[PDB]
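I have placed the structure first, in the form of structure tokens, so that the comments after it can refer back to it.
Order of the sequence lines sets the chain letters (A, B, ...), proteins ahead of strands, with each chain counted from 1. Computed from heavy atoms alone, side chains included, the values below leave out hydrogens, waters and symmetry copies.
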2 protein chains.
Amino acid sequence: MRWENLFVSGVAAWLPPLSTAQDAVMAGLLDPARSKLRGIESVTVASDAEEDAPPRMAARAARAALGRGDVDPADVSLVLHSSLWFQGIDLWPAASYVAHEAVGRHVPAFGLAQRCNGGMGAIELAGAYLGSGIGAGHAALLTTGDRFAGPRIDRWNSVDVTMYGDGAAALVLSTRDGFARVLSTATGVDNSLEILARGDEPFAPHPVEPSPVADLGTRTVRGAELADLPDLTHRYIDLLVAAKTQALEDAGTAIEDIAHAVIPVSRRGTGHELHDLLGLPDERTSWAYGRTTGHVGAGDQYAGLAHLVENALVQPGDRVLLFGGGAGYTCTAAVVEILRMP
Amino acid sequence: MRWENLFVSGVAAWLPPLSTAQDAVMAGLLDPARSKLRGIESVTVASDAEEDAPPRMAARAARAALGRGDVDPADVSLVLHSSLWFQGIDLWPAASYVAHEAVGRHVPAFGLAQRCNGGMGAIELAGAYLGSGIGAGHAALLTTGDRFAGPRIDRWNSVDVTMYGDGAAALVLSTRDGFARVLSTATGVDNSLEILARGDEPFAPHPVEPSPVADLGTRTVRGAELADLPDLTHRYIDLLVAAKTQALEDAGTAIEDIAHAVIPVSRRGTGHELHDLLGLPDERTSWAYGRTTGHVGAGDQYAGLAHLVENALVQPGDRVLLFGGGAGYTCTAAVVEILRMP
Ligand SMILES: [Cl-]
Ligand SMILES: [Cl-]
Ligand SMILES: [Cl-]
Ligand SMILES: [Cl-]
């Protein structure tokens, strides 16, 4: 999709303090070979206190993003809140809490689930909603938020390719103006890969209690066995290349013209990494930042953009690729252009 | 919102067998005073077999709906799957499963959370997406699906105003054509009422285990005490009347020209009900059907519309009000005009 009138007006992250891989190694929680392989140096870790519940971190992130962009909360016509895991109270609309705390009473709020791609997928849904004339205002607030906890989640081991960080992020879209123009978005998808995110886990009538420790790497092995696909790996590559290709083409841009790619925090640690498939070096991606936070649920792309902007690592005229990816498997990519620094 | 080119192509519900309130009373699960007061005769209850997990019931409801409007799977550009509760496997994209089974590999799929209003709210998000030009394809598949179970959910008691039904429903939207035209949608919302959905339940870092039985009626009582609002009931009335009036006005349709209203399944049983606020007799609402299914997650409006259509209880020219409502609190309403009987 080529966007004629879509802008990023604000972006921010609210992240708890860093907790080092070295401390996790010394405490016996993380094997040192895995620490070195995955290359994650630290992750963000929240306290157990109610004030660091995911909707609260999200509300804080949202207030900062709105504040950085001079978007009046009364101009927000939609709130989308993406997440991976428990929001702290069940049978309850988290997104309305985020919306109420950061925007107000009279804005429709949805919770969104597209695993790690949530943040990126929400751009397309919200952008479309803003262009439709359904809502009053010119802006949408997009949030992410998670806080991982035992026993179900072991942040250092429960997923093979990454390590989870706690926290929240926010991005404000506008059809009027902002510091960056959204030139394009594109989504690559291959829903056959969903089996890799459930492996042979049975469909249970109720959450299994007490929760065993999640091991998403292991689901992957039994998923691959069950799916029995000749081209399993190619299916991933093809959808990622589709997203990249269409987003760059719809932006009239080439990967050589991309100052920086903000990508999900994940690392194979040998062979080809995502930057190789994207066609740019490590140094032109957000890895140097993301390896200090870990995988902050659905928020890596928002957080990494905030990072670029806060540390004046881009200037007007630069183009940035925002690059998604989540179990499903779905990947939404966007090309933005820096118009001014906030 | 007035829609110039939005149609319902197909609608269907996949529902497990009914289970009577009468039997619940004899099994000691339901107080006879409560059964009498609420007027719900039966609720749909799925087996605990894996083939009745919510995403699988949803896939079947989807295939049924796609077949009824002759929408080619290849023309669906989005899938949205709304739900209230556990989908059977955690840390896993249930929407991609629904998408893969009903539609195919290359369609973006999102899970949606807006409690009981998710099925109606989805119509607005999907309609906007279809009008935006993001996808090739002129159709969207909207699904819902839930299957409630203990210990956490007691379908007969966990919510004061209704009793939960298991099952799934699907509604296929089109910008090209359909048997019904969506004349309008409108959303009323008041996010200050989110507190009524959490009561004084603290944010917990991890789901509480073992699960206590949920009691949403008690959350509403505690939440009202905590909020200390002067105009609690007026806030509900305002947002509901807002959704009704705009939906009606944007459809250019008077209340007395609504052939039927499909509403959420609930009942106060005191002689003042939702139908009174809407300005229609009980007999022109879906209560007679609803009270045999219970509250089928986010699917009451799809399910009720399919019931009307399958039993030829409406005819071309008839305008139907689909009326949402879910904790948040958000309510999306729509006026649909029957064009043909498929
Ligand atoms: Cl490893
Ligand atoms: Cl697991
Ligand atoms: Cl009662
Ligand atoms: Cl409760």
What part of [X] gets closer than 4.5 Å to chain A, counting heavy atoms only: side chain, backbone, both or neither?
| X | answer |
| --- | --- |
| B:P151 | both |
| B:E51 | neither |
| B:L216 | side chain |
| B:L196 | neither |
| B:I134 | both |
| B:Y129 | both |
| B:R152 | both |
| B:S192 | both |
| B:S211 | both |

Quick check for you: among [options], which has the greatest number of heavy-atom pairs under 4.5 Å with chain B?
| options | answer |
| --- | --- |
| A:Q114, A:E124, A:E201, A:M1 | A:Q114 |
| A:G121, A:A95, A:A214, A:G127 | A:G121 |
| A:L112, A:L91, A:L78 | A:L91 |

- Query: Taking NZ, NE, NH1 and NH2 as the nitrogens, is one of them in A:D52 or A:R60 under 4.0 Å from a carboxylate oxygen of the other?
  - Reply: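 Result for this pair is yes, salt bridge flagged.
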- Item | salt_bridge(B:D90, A:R219) N-O dist < 4.0 Å |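 The answer is yes: the pair qualifies as a salt bridge.
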- Residue-level contacts of residues 99-108 of chain A with chain B, using a heavy-atom cutoff under 4.5 Å: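 So the qualifying residues are A:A99, A:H100, A:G104, A:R105, A:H106, A:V107, A:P108.
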- Item | Aromatic plane relationship, A:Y164 with A:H295 - under 30° parallel, 30 to 60° tilted, over 60° perpendicular |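 Aromatic pair A:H295/A:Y164 classed parallel.
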- Item | Residue part contacting chain B, namely of A:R2, when any heavy atom lies under 4.5 Å |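 The answer is neither part of A:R2.
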- Task: Could you tell me which non-hydrogen atom of A:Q87 sits nearest to which non-hydrogen atom of A:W85, and how far apart they are?
- Result: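 Shortest heavy-atom separation between A:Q87 and A:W85 comes out as NE2-O, 3.0 Å.
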